[PDB]
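Listed next as structure tokens is one chain, alone, in the form deposited in one PDB entry.
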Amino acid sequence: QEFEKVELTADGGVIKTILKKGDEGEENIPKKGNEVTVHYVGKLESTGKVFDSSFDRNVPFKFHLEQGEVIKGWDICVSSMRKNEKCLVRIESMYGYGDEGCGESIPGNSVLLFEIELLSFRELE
């Protein structure tokens, strides 16, 4: 295969395609509570339109892994990533914004596609 496809929930709700392999070893995978730094771009599957590319180039996005800060599919995806990994992740609505959707562009029952690059992570004191 060109790329490794990784099913991250058994229900098919979160599926990752590894575009660029990251660094081998457990020490290179972020742990719960760590600050992680990424680039990303998000696209809505239904319309095919990119809704967020603000963090896709020079500006990094930071969040705390597995701390209720982001949609579940992001915690599930990033917890599987190796430092320097670039992936495509397809997130069904159960692991995204569910029925509520988000903002003007993302309705209920949306499938989201993100490209995510894991740049770095750190443990908090």
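Throughout, we count residues from 1 along the sequence that is shown. Note that the rigid core is defined as the largest set of C-alphas that superpose within 1.5 Å between two forms.
The discussion below concerns the form deposited in another entry, not included here.
Superposing the rigid core between the shown form and the other one leaves a single residue from 97, 51, 55, 63 with a C-alpha shift of at least 2 Å: 55. Compared with the form shown here, the Cα atoms of residue 74 and residue 56 move at least 3 Å farther apart in the other entry. Cα of residue 54 to Cα of residue 39: at least 3 Å shorter in the other entry than in the shown structure.
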